[PDB]
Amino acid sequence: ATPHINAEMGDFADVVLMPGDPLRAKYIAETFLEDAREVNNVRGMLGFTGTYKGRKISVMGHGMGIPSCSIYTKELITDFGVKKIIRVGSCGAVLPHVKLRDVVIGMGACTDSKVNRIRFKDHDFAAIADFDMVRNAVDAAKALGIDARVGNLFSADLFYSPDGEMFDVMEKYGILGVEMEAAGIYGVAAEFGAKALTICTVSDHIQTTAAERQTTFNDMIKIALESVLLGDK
């Protein structure tokens, strides 16, 4: 076991899906995985393991913010043999042509955090996803008849920002969605030699009907799961 995960090697699959909400992780396990079992509950951060179409897969929450998800992704990679991390969350949109319920894939992630500068000697480290994982997700989406936008996300440290002018800047440079973790996870993946990807559904435009929104969230999860199978080939 590690400081934040009370499990043992083998308890997790080599691929982990990670929503921010622990209750969302349980929702994913019950809805999409067969023969699922809980493998962690420390601090209430529920994690599970089961199978999808015969493939062993895990899902665990990572909390809100770069500092939080950095702890969990690091531990999974160095102590549980995890090779791939796929964040599945929500984001706010800044571009007008980006519509509610669009599926966004973060090929890269900008940020106002200092963690990567601390890692890269105060220079600019381009926090990017793994190319093959991005490709698998785009292909899985197409196979499901879904339109997926591929571009830059912005990982913010402050959900309630005092600098409102930074949103015009994000829009000017084409940022597709605003969330709070991608840049941190990509930094961890580079530091410890693993692979990561972040996929989001637009929840607000910096909301339609519950039925349609819930349908889109499920499509995102399907895209994640099916992208893994493609990668296996």
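The first residue of the sequence shown is number 1, and the count goes up from there.
- Where residue 206 is followed by residue 207 in the displayed chain, the model omits 4 to 9 of the deposited residues that sit between the two.
- Averaged over Cα atoms, the B-factor as recorded in the entry is higher for 35 to 43 than for the other of 66 to 74 and 35 to 43.
- Legend: mean Cα B-factor per stretch from the PDB entry, 5 to 13 versus 208 to 216; the higher mean is in 208 to 216.
- Of the residues listed, 153, 144, 158, 88, the entry assigns the biggest Cα temperature factor to 144.
- As recorded in the entry, 202 carries the highest CA temperature factor of 60, 178, 202, 197.
- Annotation for residue 27: C-alpha temperature factor in the middle third relative to the rest of the modelled chain, per the entry.
- When the modelled residues of the chain are ordered by C-alpha B-factor, residue 167 sits in the highest third.
- The entry lists a Cα temperature factor for residue 105 that places it in the middle third of the chain's modelled residues.
- In this PDB entry, the Cα temperature factor of residue 121 sits in the middle third of its chain's modelled residues.
- Sort the modelled residues of the chain by CA B factor and residue 193 lands in the middle third.
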